[PDB]
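Peer 1: This is the structure I want to talk about, given as structure tokens.
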Amino acid sequence: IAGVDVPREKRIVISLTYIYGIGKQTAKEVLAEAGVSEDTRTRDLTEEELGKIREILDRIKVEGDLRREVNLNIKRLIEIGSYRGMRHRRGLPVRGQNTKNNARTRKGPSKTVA
Amino acid sequence: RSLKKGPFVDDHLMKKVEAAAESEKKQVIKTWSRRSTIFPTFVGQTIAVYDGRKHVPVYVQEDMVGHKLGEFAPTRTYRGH
Amino acid sequence: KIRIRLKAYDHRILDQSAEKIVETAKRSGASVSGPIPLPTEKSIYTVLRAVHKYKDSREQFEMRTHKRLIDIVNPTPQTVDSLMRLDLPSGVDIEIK
Amino acid sequence: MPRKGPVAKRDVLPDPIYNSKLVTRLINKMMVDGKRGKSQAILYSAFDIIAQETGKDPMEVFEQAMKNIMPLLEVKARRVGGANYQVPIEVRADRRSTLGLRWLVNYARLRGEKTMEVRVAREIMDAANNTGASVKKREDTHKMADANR
Amino acid sequence: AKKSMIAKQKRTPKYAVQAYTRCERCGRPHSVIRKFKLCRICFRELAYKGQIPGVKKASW
Amino acid sequence: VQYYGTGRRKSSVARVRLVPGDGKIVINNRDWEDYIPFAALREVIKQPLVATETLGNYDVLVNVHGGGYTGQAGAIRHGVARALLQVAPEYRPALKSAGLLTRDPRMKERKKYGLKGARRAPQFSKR
RNA sequence: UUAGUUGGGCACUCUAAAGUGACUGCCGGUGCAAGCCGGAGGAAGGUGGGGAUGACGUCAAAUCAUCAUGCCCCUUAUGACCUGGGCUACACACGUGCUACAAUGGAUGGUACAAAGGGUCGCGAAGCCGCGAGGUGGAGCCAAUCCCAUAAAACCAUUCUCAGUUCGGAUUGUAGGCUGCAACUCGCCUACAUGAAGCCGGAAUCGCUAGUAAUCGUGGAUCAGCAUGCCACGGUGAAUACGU
RNA sequence: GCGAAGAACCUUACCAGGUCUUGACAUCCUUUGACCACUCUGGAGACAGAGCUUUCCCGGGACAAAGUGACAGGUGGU
Ligand SMILES: [Mg+2]
Ligand SMILES: [Mg+2]
Ligand SMILES: [Mg+2]
Ligand SMILES: [Mg+2]
Ligand SMILES: [Mg+2]
Ligand SMILES: [Mg+2]
Ligand SMILES: [Mg+2]
Ligand SMILES: [Mg+2]
Ligand SMILES: [Mg+2]
Ligand SMILES: [Mg+2]
Ligand SMILES: [Mg+2]
Ligand SMILES: [Mg+2]
Ligand SMILES: [Mg+2]
Ligand SMILES: [Mg+2]
Ligand SMILES: [Mg+2]
Ligand SMILES: [Mg+2]
Ligand SMILES: [Mg+2]
Ligand SMILES: [Mg+2]
Ligand SMILES: [Mg+2]
Ligand SMILES: [Mg+2]
Ligand SMILES: [Mg+2]
Ligand SMILES: [Mg+2]
Ligand SMILES: [Mg+2]
Ligand SMILES: [Mg+2]
Ligand SMILES: [Mg+2]
Ligand SMILES: [Mg+2]
Ligand SMILES: [Mg+2]
Ligand SMILES: [Mg+2]
Ligand SMILES: [Mg+2]
Ligand SMILES: [Mg+2]
Ligand SMILES: [Mg+2]
Ligand SMILES: [Mg+2]
Ligand SMILES: [Mg+2]
Ligand SMILES: [Mg+2]
Ligand SMILES: [Mg+2]
Ligand SMILES: [Mg+2]
Ligand SMILES: [Mg+2]
Ligand SMILES: [Mg+2]
Ligand SMILES: [Mg+2]
Ligand SMILES: [Mg+2]
Ligand SMILES: [Mg+2]
Ligand SMILES: [Mg+2]
Ligand SMILES: [Mg+2]
Ligand SMILES: [Mg+2]
Ligand SMILES: [Mg+2]
Ligand SMILES: [Mg+2]
Ligand SMILES: [Mg+2]
Ligand SMILES: [Mg+2]
Ligand SMILES: [Mg+2]
Ligand SMILES: [Mg+2]
Ligand SMILES: [Mg+2]
Ligand SMILES: [Mg+2]
Ligand SMILES: [Mg+2]
Ligand SMILES: [Mg+2]
Ligand SMILES: [Mg+2]
Ligand SMILES: [Mg+2]
Ligand SMILES: [Mg+2]
Ligand SMILES: [Mg+2]
Ligand SMILES: [Mg+2]
Ligand SMILES: [Mg+2]
Ligand SMILES: [Mg+2]
Ligand SMILES: [Mg+2]
Ligand SMILES: [Mg+2]
Ligand SMILES: [Mg+2]
Ligand SMILES: [Mg+2]
Ligand SMILES: [Mg+2]
Ligand SMILES: [Mg+2]
Ligand SMILES: [Mg+2]
Ligand SMILES: [Mg+2]
Ligand SMILES: [Mg+2]
Ligand SMILES: [Mg+2]
Ligand SMILES: [Mg+2]
Ligand SMILES: [Mg+2]
Ligand SMILES: [Mg+2]
Ligand SMILES: [Mg+2]
Ligand SMILES: [Mg+2]
Ligand SMILES: [Zn+2]
């Protein structure tokens, strides 16, 4: 519908949240400058009003655009031989978090108990 | 300086050790200033940065601008336990 | 229309000083308003009791400041002279406005 | 081994609306994190639902349910000969009401409706008709005592 | 290394944030209260002697 | 023409004043249903006027500060009970029978070092 | 009067010095007595609640690194100065905590009620600017006067409607804010985006007997900046004890 | 969540490299008595090199630069 098929039972804000690159306040601003209320469900949208939603969303980076941008951002750090590139390659915390214990979102589930 | 005081470069590193390497600039610069921001005019030269023991030579590329001079000289060594 | 603030670490010598000031002001002057007890202020200092170990064994010390306020309404030269010529005890701090 | 004897007992207050101590004990048993007002309003709303549906005052319905879910026999552990066995025992009045209220709240929190007022009201109505989760909890307790008599 | 430490702490630092505090009786760096300039141990013993005015053992 | 009482509960203190009238309760220059929007708190506040049969003969104007809303209500109740006690000596048994003249003495205890509260102790492990 | 503001008054709260008050003192039962169970009066009843207070001794218990000290070692170095790094490493195991796994809840709007503390090379108001962290501005204060200072849970409306979700917030990308000579290793905070595990936890194990446990915020020391830790303060406020 | 009531530099006791030797810190000795602070040049800094420079007071004293010991100095061990 709008880049992808957002849910049809929910409000417009919460459904728009399902697009990559749109959260909550960006959805509110979209529906604010799009001349559309936000308590109307997704089923009850018209064609012109949903078309204004489409027209509005073309000026924001969403889905593969952002994925390519962030992948290039990580790749540059990896390939200029920085510290953050080393951390990205080894799968260790990139910010200054401590790794003596308890860094599991990066290291995955607790590996082989030695 | 992560603010609007301007960027930070240590004066002894830049003043006439970087702006002075304009003619026949084909030699390394030894420095202990790990804390200096890599300016756009740093690019082309190779700087030797102290890591705690030794001077590691880093050749400033185009994508290193805005980073700290010490990001490219790791201090701790670790090889797979 | 004359303010005096007295502050000390104990209320006995300060009580004596305040009562003496009131007595002298009454003798050499005309009027005085009784000493108003301002709230005392206490500060607490918690310190580890051991020299090396033992976080859970501690000791509290405290420090209290006691205050009084006095007003003379009918100021006369004798009252001011007598009040300024008093010799209050050491440890009692006087402030005249 | 020490304990120096029987102790005093707590003295609860009658509820400001339904002038009974047992309503207060139910409200206390539903309390969480020292929030008296929330459970108190929840109980008032549940009794409103009861009065609306059944059509009679909620107090006699509540008393019928509690009389219908209070236990008589219970299983207690006895250690003899190096082995522990379950044995029958009879509850006092205080323990009788305590177990009744405990089971009522425990099995009212485990129902499947949207709110808590509805869950409490439905549990009470079920207990008033010898049906529900709290009713069977005292059925097996009667059963468990007999099988070890 | 203790007299050198005390002498360096007394000297004016190269930068303002270089400066730190030490107990004035024993040159101790940690646990220095700065109303008294005393570490906790010297504070306790001088308070027991009765040589810190106003302070007394707190019962409350 | 004014009967005065002072109530206290926890850190709350209330100046209750009682004047013949219609039944108008005033709390801090604010209405007593606007100040107290619940109902059981109003019941506990008007317990002293219900114990004796003098509920609607009086107006109470109160001035409370300190503590929280239940402390507000307890202080108000104690103050109005003492004011009624001032009105007539013969009210003394009834107000004593319900324990409405006792000033509640239990106040929040003291944090102790080595503990996380007044009595709560850290988690213990042998090894 | 925008207002306890101004006039005026200590009536009431409050502040703080000195007193009074509780002792099984009186009544009934029980006992040879001590004592035990109930009752009156009283704000308070059985050392009312809580602190400080740690006898004789035990563990060659801890600390030569707060301090001091016998003996033994170094003395162009085991002393002294400096810049950079490290104490923050990471296959893993244990201890103590914080945040959740949602409807007694999430988001949005409205709106009440504290105590104890800190402030002069310090606290820092109003007004203006910013989505926000903040910036600017300089009032009043050596303070029962002025500032920190918005209390938060609670309560009232609208919405969500049982969904790994309008739960949960880790992790990562970009743009910023402050302190500081300097924020890469390695500070804290903000905005937008991203949206992991997690459905109440196995054998087992811990705290707590009443304004306690549980839960919600607040202040302080250290401190240029940095706490989910420590030390204190109040708001709401239980269940149970047959027994050895 | 123990010393630590605050490890970016300092704290810091550890490591690498660069420097010092009556000494960073005390008493006495021998000459001088106010030395320090400041500007510029080199250096990562400690440190070196030139100028303006240091105003003790009433033989006393505490400060102060030079050279030399007697000595200092150890968060070194138990
Ligand atoms: Mg980095
Ligand atoms: Mg980063
Ligand atoms: Mg960290
Ligand atoms: Mg780390
Ligand atoms: Mg960690
Ligand atoms: Mg660690
Ligand atoms: Mg480590
Ligand atoms: Mg762990
Ligand atoms: Mg991580
Ligand atoms: Mg291996
Ligand atoms: Mg301390
Ligand atoms: Mg100590
Ligand atoms: Mg211990
Ligand atoms: Mg003790
Ligand atoms: Mg009990
Ligand atoms: Mg209540
Ligand atoms: Mg020493
Ligand atoms: Mg510091
Ligand atoms: Mg009023
Ligand atoms: Mg008011
Ligand atoms: Mg009024
Ligand atoms: Mg008003
Ligand atoms: Mg109060
Ligand atoms: Mg204590
Ligand atoms: Mg603790
Ligand atoms: Mg512990
Ligand atoms: Mg264990
Ligand atoms: Mg009082
Ligand atoms: Mg009695
Ligand atoms: Mg108490
Ligand atoms: Mg006592
Ligand atoms: Mg030993
Ligand atoms: Mg032992
Ligand atoms: Mg041992
Ligand atoms: Mg040992
Ligand atoms: Mg030694
Ligand atoms: Mg020693
Ligand atoms: Mg040690
Ligand atoms: Mg040692
Ligand atoms: Mg030490
Ligand atoms: Mg490493
Ligand atoms: Mg804790
Ligand atoms: Mg918790
Ligand atoms: Mg959320
Ligand atoms: Mg709200
Ligand atoms: Mg308030
Ligand atoms: Mg206050
Ligand atoms: Mg502070
Ligand atoms: Mg504050
Ligand atoms: Mg506050
Ligand atoms: Mg999921
Ligand atoms: Mg992160
Ligand atoms: Mg950083
Ligand atoms: Mg850092
Ligand atoms: Mg966000
Ligand atoms: Mg992703
Ligand atoms: Mg899962
Ligand atoms: Mg679920
Ligand atoms: Mg246990
Ligand atoms: Mg006990
Ligand atoms: Mg809690
Ligand atoms: Mg919370
Ligand atoms: Mg909090
Ligand atoms: Mg808390
Ligand atoms: Mg706080
Ligand atoms: Mg705090
Ligand atoms: Mg701070
Ligand atoms: Mg904390
Ligand atoms: Mg934090
Ligand atoms: Mg906590
Ligand atoms: Mg017991
Ligand atoms: Mg602990
Ligand atoms: Mg550490
Ligand atoms: Mg260093
Ligand atoms: Mg020696
Ligand atoms: Mg020996
Ligand atoms: Zn000391």
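By convention here, the chains of the structure tokens are called A, B, ... in the order presented, each chain's residues are numbered starting at 1, and ligands are numbered starting at 1 in the order presented.
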Taking only C-alpha atoms (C1' of nucleotides) and all ligand atoms into account, report as a list in words which residues have an atom no farther than 8 Å from an atom of ligand 27.

Peer 2: residues 124, 125, 126 and 127 of chain F; 205 of chain G

Peer 1: Keeping only N, CA, C and O atoms (P, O5', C5', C4', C3', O3' and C1' of nucleotides), take the residues you just selected and write them out as a PDB file, in the first residue's frame.

Peer 2:
```pdb
ATOM      1  N   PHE F 124      21.628 -13.123  51.636  1.00  0.00           N
ATOM      2  CA  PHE F 124      22.705 -13.856  52.286  1.00  0.00           C
ATOM      3  C   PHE F 124      23.052 -15.115  51.502  1.00  0.00           C
ATOM      4  O   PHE F 124      22.167 -15.814  51.002  1.00  0.00           O
ATOM      5  N   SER F 125      24.350 -15.398  51.395  1.00  0.00           N
ATOM      6  CA  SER F 125      24.839 -16.596  50.725  1.00  0.00           C
ATOM      7  C   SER F 125      26.012 -17.167  51.506  1.00  0.00           C
ATOM      8  O   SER F 125      26.965 -16.444  51.808  1.00  0.00           O
ATOM      9  N   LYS F 126      25.937 -18.460  51.837  1.00  0.00           N
ATOM     10  CA  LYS F 126      27.061 -19.121  52.495  1.00  0.00           C
ATOM     11  C   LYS F 126      28.284 -19.153  51.590  1.00  0.00           C
ATOM     12  O   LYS F 126      29.407 -18.905  52.041  1.00  0.00           O
ATOM     13  N   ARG F 127      28.084 -19.456  50.311  1.00  0.00           N
ATOM     14  CA  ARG F 127      29.173 -19.501  49.345  1.00  0.00           C
ATOM     15  C   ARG F 127      28.728 -18.926  48.001  1.00  0.00           C
ATOM     16  O   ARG F 127      27.545 -18.658  47.784  1.00  0.00           O
TER      17      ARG F 127
ATOM     18  P     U G 205      17.916 -25.699  49.680  1.00  0.00           P
ATOM     19  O5'   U G 205      18.112 -24.117  49.658  1.00  0.00           O
ATOM     20  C5'   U G 205      19.407 -23.539  49.563  1.00  0.00           C
ATOM     21  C4'   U G 205      19.346 -22.106  49.090  1.00  0.00           C
ATOM     22  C3'   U G 205      18.696 -21.107  50.036  1.00  0.00           C
ATOM     23  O3'   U G 205      19.565 -20.652  51.059  1.00  0.00           O
ATOM     24  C1'   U G 205      17.825 -20.807  47.866  1.00  0.00           C
TER      25        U G 205
END
```

Peer 1: Enumerate as a list in words the residues belonging to chain C that approach chain H to within 10 Å, with only C-alpha atoms (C1' of nucleotides) taken into account.

Peer 2: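 Every residue meeting the condition is included here: residues 46, 47, 48, 50, 51, 52, 53, 54, 55 and 56 of chain C.
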
Peer 1: Would you export the selected residues with C-alpha atoms as a PDB file, in the first residue's frame, please?

Peer 2:
```pdb
ATOM      1  CA  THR C  46      28.682   8.652  58.464  1.00  0.00           C
ATOM      2  CA  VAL C  47      32.150   7.085  58.552  1.00  0.00           C
ATOM      3  CA  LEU C  48      33.447   3.541  58.146  1.00  0.00           C
ATOM      4  CA  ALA C  50      37.338  -0.136  60.440  1.00  0.00           C
ATOM      5  CA  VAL C  51      40.641   0.842  58.836  1.00  0.00           C
ATOM      6  CA  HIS C  52      40.630  -1.595  55.896  1.00  0.00           C
ATOM      7  CA  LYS C  53      37.581  -3.893  55.511  1.00  0.00           C
ATOM      8  CA  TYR C  54      34.067  -4.119  56.938  1.00  0.00           C
ATOM      9  CA  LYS C  55      31.719  -1.842  54.994  1.00  0.00           C
ATOM     10  CA  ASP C  56      28.707  -2.757  57.149  1.00  0.00           C
TER      11      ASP C  56
END
```

Peer 1: Using only C-alpha atoms (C1' of nucleotides) and all ligand atoms, find each protein or nucleic acid residue lying at most 10 Å from ligand 74; present the set as a PDB file with C-alpha atoms (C1' of nucleotides), in the first residue's frame.

Peer 2:
```pdb
ATOM      1  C1'   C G  82      57.592  13.451  32.425  1.00  0.00           C
ATOM      2  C1'   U G  83      54.257  12.043  27.820  1.00  0.00           C
ATOM      3  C1'   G G  84      51.470   7.660  26.218  1.00  0.00           C
ATOM      4  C1'   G G  85      48.981   3.201  27.776  1.00  0.00           C
TER       5        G G  85
ATOM      6  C1'   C H   9      44.612  13.340  32.343  1.00  0.00           C
ATOM      7  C1'   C H  10      45.762  13.885  38.096  1.00  0.00           C
ATOM      8  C1'   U H  12      48.438   5.704  40.395  1.00  0.00           C
TER       9        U H  12
END
```

Peer 1: With a cut-off of 10 Å and counting only C-alpha atoms (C1' of nucleotides), select all residues of chain E in contact with chain G and give the selection as an mmCIF file with N, CA, C and O atoms, in the first residue's frame.

Peer 2:
```cif
data_model
loop_
_atom_site.group_PDB
_atom_site.id
_atom_site.type_symbol
_atom_site.label_atom_id
_atom_site.label_comp_id
_atom_site.auth_asym_id
_atom_site.auth_seq_id
_atom_site.Cartn_x
_atom_site.Cartn_y
_atom_site.Cartn_z
ATOM 1 N N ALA E 1 56.635 5.737 48.048
ATOM 2 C CA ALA E 1 56.390 7.068 47.512
ATOM 3 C C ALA E 1 55.258 7.756 48.261
ATOM 4 O O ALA E 1 54.090 7.581 47.920
ATOM 5 N N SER E 4 56.958 12.481 48.178
ATOM 6 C CA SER E 4 56.849 13.027 46.831
ATOM 7 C C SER E 4 55.391 13.237 46.444
ATOM 8 O O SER E 4 55.051 14.241 45.807
ATOM 9 N N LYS E 14 49.693 21.669 36.597
ATOM 10 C CA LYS E 14 49.834 22.192 35.243
ATOM 11 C C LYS E 14 48.495 22.672 34.695
ATOM 12 O O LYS E 14 48.428 23.702 34.018
ATOM 13 N N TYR E 15 47.422 21.940 34.976
ATOM 14 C CA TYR E 15 46.076 22.331 34.590
ATOM 15 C C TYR E 15 45.183 22.367 35.823
ATOM 16 O O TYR E 15 45.465 21.730 36.839
ATOM 17 N N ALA E 16 44.103 23.146 35.734
ATOM 18 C CA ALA E 16 43.248 23.350 36.898
ATOM 19 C C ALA E 16 42.594 22.051 37.349
ATOM 20 O O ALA E 16 42.477 21.792 38.551
ATOM 21 N N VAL E 17 42.165 21.214 36.400
ATOM 22 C CA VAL E 17 41.543 19.940 36.757
ATOM 23 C C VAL E 17 42.552 18.907 37.226
ATOM 24 O O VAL E 17 42.150 17.819 37.654
ATOM 25 N N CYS E 23 44.188 14.381 52.807
ATOM 26 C CA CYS E 23 44.028 14.677 54.224
ATOM 27 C C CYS E 23 45.260 15.409 54.738
ATOM 28 O O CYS E 23 46.396 15.055 54.416
ATOM 29 N N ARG E 25 46.472 15.854 57.809
ATOM 30 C CA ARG E 25 47.314 15.218 58.816
ATOM 31 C C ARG E 25 48.151 14.107 58.193
ATOM 32 O O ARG E 25 49.385 14.158 58.208
ATOM 33 N N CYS E 26 47.491 13.097 57.639
ATOM 34 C CA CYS E 26 48.135 12.046 56.865
ATOM 35 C C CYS E 26 47.766 12.247 55.402
ATOM 36 O O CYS E 26 46.595 12.461 55.084
ATOM 37 N N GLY E 27 48.749 12.191 54.513
ATOM 38 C CA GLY E 27 48.469 12.539 53.132
ATOM 39 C C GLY E 27 47.647 11.501 52.394
ATOM 40 O O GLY E 27 48.099 10.943 51.391
ATOM 41 N N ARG E 28 46.416 11.255 52.865
ATOM 42 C CA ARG E 28 45.585 10.181 52.324
ATOM 43 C C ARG E 28 44.664 10.722 51.237
ATOM 44 O O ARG E 28 43.985 11.729 51.457
ATOM 45 N N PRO E 29 44.621 10.091 50.058
ATOM 46 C CA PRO E 29 43.810 10.628 48.955
ATOM 47 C C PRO E 29 42.320 10.301 49.018
ATOM 48 O O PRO E 29 41.499 11.143 48.645
ATOM 49 N N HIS E 30 41.946 9.108 49.471
ATOM 50 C CA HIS E 30 40.538 8.737 49.531
ATOM 51 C C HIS E 30 39.875 9.175 50.829
ATOM 52 O O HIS E 30 40.526 9.349 51.861
ATOM 53 N N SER E 31 38.558 9.374 50.746
ATOM 54 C CA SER E 31 37.687 9.544 51.908
ATOM 55 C C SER E 31 37.989 10.835 52.660
ATOM 56 O O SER E 31 37.886 10.897 53.885
ATOM 57 N N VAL E 32 38.347 11.880 51.923
ATOM 58 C CA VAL E 32 38.676 13.170 52.518
ATOM 59 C C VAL E 32 37.433 14.052 52.515
ATOM 60 O O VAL E 32 36.954 14.462 51.453
ATOM 61 N N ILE E 33 36.919 14.350 53.698
ATOM 62 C CA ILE E 33 35.845 15.322 53.863
ATOM 63 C C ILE E 33 36.462 16.709 53.795
ATOM 64 O O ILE E 33 37.573 16.926 54.289
ATOM 65 N N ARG E 34 35.760 17.655 53.172
ATOM 66 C CA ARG E 34 36.358 18.944 52.851
ATOM 67 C C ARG E 34 35.778 20.104 53.653
ATOM 68 O O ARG E 34 36.097 21.261 53.361
ATOM 69 N N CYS E 39 40.730 13.024 56.414
ATOM 70 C CA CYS E 39 40.250 11.705 56.046
ATOM 71 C C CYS E 39 39.399 11.138 57.181
ATOM 72 O O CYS E 39 39.342 11.684 58.284
ATOM 73 N N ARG E 40 38.736 10.015 56.904
ATOM 74 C CA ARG E 40 37.774 9.479 57.863
ATOM 75 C C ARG E 40 38.449 9.029 59.157
ATOM 76 O O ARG E 40 37.889 9.199 60.247
ATOM 77 N N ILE E 41 39.662 8.481 59.064
ATOM 78 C CA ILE E 41 40.317 7.910 60.239
ATOM 79 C C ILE E 41 40.791 9.010 61.184
ATOM 80 O O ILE E 41 40.540 8.965 62.399
ATOM 81 N N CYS E 42 41.494 10.010 60.640
ATOM 82 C CA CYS E 42 41.921 11.145 61.452
ATOM 83 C C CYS E 42 40.719 11.882 62.019
ATOM 84 O O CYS E 42 40.736 12.321 63.174
ATOM 85 N N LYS E 57 29.236 12.440 69.017
ATOM 86 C CA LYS E 57 28.727 11.164 68.534
ATOM 87 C C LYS E 57 27.208 11.223 68.419
ATOM 88 O O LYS E 57 26.515 11.659 69.341
ATOM 89 N N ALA E 58 26.689 10.777 67.279
ATOM 90 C CA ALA E 58 25.291 10.988 66.922
ATOM 91 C C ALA E 58 24.469 9.789 67.370
ATOM 92 O O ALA E 58 24.721 8.662 66.934
ATOM 93 N N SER E 59 23.479 10.036 68.226
ATOM 94 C CA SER E 59 22.667 8.949 68.761
ATOM 95 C C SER E 59 21.359 8.793 67.990
ATOM 96 O O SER E 59 21.112 7.730 67.414
ATOM 97 N N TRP E 60 20.542 9.850 67.947
ATOM 98 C CA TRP E 60 19.262 9.893 67.214
ATOM 99 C C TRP E 60 18.697 8.572 66.688
ATOM 100 O O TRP E 60 17.503 8.298 66.823
#
```

Peer 1: Select residues of chain A: the criterion is any atom within 9 Å of an atom of chain B, counting only C-alpha atoms; output as a PDB file with N, CA, C and O atoms, in the first residue's frame.

Peer 2:
```pdb
ATOM      1  N   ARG A  76      32.164   1.389   5.665  1.00  0.00           N
ATOM      2  CA  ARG A  76      33.260   2.354   5.679  1.00  0.00           C
ATOM      3  C   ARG A  76      34.108   2.206   6.936  1.00  0.00           C
ATOM      4  O   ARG A  76      35.344   2.176   6.864  1.00  0.00           O
ATOM      5  N   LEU A  77      33.456   2.095   8.097  1.00  0.00           N
ATOM      6  CA  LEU A  77      34.186   1.905   9.345  1.00  0.00           C
ATOM      7  C   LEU A  77      34.981   0.610   9.318  1.00  0.00           C
ATOM      8  O   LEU A  77      36.110   0.554   9.818  1.00  0.00           O
ATOM      9  N   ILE A  80      38.120   1.170   6.703  1.00  0.00           N
ATOM     10  CA  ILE A  80      39.162   2.165   6.948  1.00  0.00           C
ATOM     11  C   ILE A  80      40.021   1.735   8.131  1.00  0.00           C
ATOM     12  O   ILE A  80      40.884   2.489   8.593  1.00  0.00           O
ATOM     13  N   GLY A  81      39.797   0.519   8.625  1.00  0.00           N
ATOM     14  CA  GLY A  81      40.621  -0.017   9.693  1.00  0.00           C
ATOM     15  C   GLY A  81      40.506   0.713  11.010  1.00  0.00           C
ATOM     16  O   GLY A  81      41.504   0.857  11.721  1.00  0.00           O
ATOM     17  N   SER A  82      39.312   1.181  11.358  1.00  0.00           N
ATOM     18  CA  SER A  82      39.115   1.902  12.603  1.00  0.00           C
ATOM     19  C   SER A  82      38.951   0.925  13.764  1.00  0.00           C
ATOM     20  O   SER A  82      39.014  -0.296  13.603  1.00  0.00           O
ATOM     21  N   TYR A  83      38.741   1.476  14.959  1.00  0.00           N
ATOM     22  CA  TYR A  83      38.436   0.646  16.118  1.00  0.00           C
ATOM     23  C   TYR A  83      37.022   0.086  16.024  1.00  0.00           C
ATOM     24  O   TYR A  83      36.787  -1.100  16.299  1.00  0.00           O
ATOM     25  N   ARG A  84      36.066   0.933  15.634  1.00  0.00           N
ATOM     26  CA  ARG A  84      34.687   0.482  15.507  1.00  0.00           C
ATOM     27  C   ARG A  84      34.540  -0.554  14.402  1.00  0.00           C
ATOM     28  O   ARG A  84      33.686  -1.438  14.497  1.00  0.00           O
TER      29      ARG A  84
END
```

Peer 1: At a cut-off of 9 Å and counting only C-alpha atoms (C1' of nucleotides) and all ligand atoms, what residues surround ligand 66? Please answer as a PDB file with N, CA and C atoms (P, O5', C5', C4', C3', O3' and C1' of nucleotides), in the first residue's frame.

Peer 2:
```
ATOM      1  P     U G 218      12.524  11.967  42.088  1.00  0.00           P
ATOM      2  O5'   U G 218      12.703  12.525  43.568  1.00  0.00           O
ATOM      3  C5'   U G 218      12.025  13.699  43.992  1.00  0.00           C
ATOM      4  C4'   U G 218      12.472  14.132  45.365  1.00  0.00           C
ATOM      5  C3'   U G 218      13.967  14.351  45.544  1.00  0.00           C
ATOM      6  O3'   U G 218      14.404  15.615  45.077  1.00  0.00           O
ATOM      7  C1'   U G 218      13.146  13.052  47.332  1.00  0.00           C
ATOM      8  P     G G 219      15.913  15.806  44.564  1.00  0.00           P
ATOM      9  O5'   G G 219      16.774  15.895  45.902  1.00  0.00           O
ATOM     10  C5'   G G 219      16.575  16.946  46.836  1.00  0.00           C
ATOM     11  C4'   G G 219      17.270  16.663  48.145  1.00  0.00           C
ATOM     12  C3'   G G 219      18.779  16.497  48.082  1.00  0.00           C
ATOM     13  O3'   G G 219      19.461  17.739  48.082  1.00  0.00           O
ATOM     14  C1'   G G 219      17.834  14.769  49.399  1.00  0.00           C
ATOM     15  P     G G 220      20.925  17.867  47.439  1.00  0.00           P
ATOM     16  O5'   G G 220      21.875  17.112  48.471  1.00  0.00           O
ATOM     17  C5'   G G 220      22.062  17.603  49.792  1.00  0.00           C
ATOM     18  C4'   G G 220      22.850  16.635  50.638  1.00  0.00           C
ATOM     19  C3'   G G 220      24.253  16.317  50.148  1.00  0.00           C
ATOM     20  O3'   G G 220      25.192  17.290  50.572  1.00  0.00           O
ATOM     21  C1'   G G 220      23.124  14.312  50.753  1.00  0.00           C
ATOM     22  P     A G 227      25.599   9.927  37.385  1.00  0.00           P
ATOM     23  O5'   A G 227      25.920   8.631  38.254  1.00  0.00           O
ATOM     24  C5'   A G 227      26.104   7.364  37.631  1.00  0.00           C
ATOM     25  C4'   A G 227      25.539   6.230  38.455  1.00  0.00           C
ATOM     26  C3'   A G 227      24.322   6.571  39.318  1.00  0.00           C
ATOM     27  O3'   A G 227      23.398   5.484  39.306  1.00  0.00           O
ATOM     28  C1'   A G 227      26.050   5.689  40.679  1.00  0.00           C
TER      29        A G 227
END
```

Peer 1: List all protein, DNA and RNA residues that have at least one atom no more than 8 Å from any atom of ligand 73, counting only C-alpha atoms (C1' of nucleotides) and all ligand atoms, and write them as a VMD selection string.

Peer 2: (chain G and resid 87) or (chain H and resid 4 7)

Peer 1: Would you mind reading off the distance between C1' of residue 175 (chain G) and CA of residue 53 (chain A), one decimal, in Å?

Peer 2: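 Computing the Euclidean distance for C1' of residue 175 (chain G) and CA of residue 53 (chain A) yields 26.3 Å.
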
Peer 1: Assign secondary structure with DSSP using the backbone only, and return the residues of region 12-73 of chain B in strand (DSSP E) as a list in words.

Peer 2: residues 29, 30, 31, 46, 47, 48, 49, 50, 55, 56, 57, 58 and 59 of chain B

Peer 1: Can you tell me which residues come within 9 Å of ligand 32 when counting only C-alpha atoms (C1' of nucleotides) and all ligand atoms, ideally as an MDAnalysis selection string?

Peer 2: chainID G and resid 60:62

Peer 1: Can you measure CA of residue 53 (chain E) to CA of residue 67 (chain C) for me? One decimal in Å is fine.

Peer 2: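 These two atoms are separated by 16.5 Å.
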
Peer 1: Identify every residue of chain D that has at least one atom within 9 Å of any atom of chain G, counting only C-alpha atoms (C1' of nucleotides), and report the result as number ranges by chain.

Peer 2: D: 1-3, 5-7, 28-39, 42, 92, 114-116
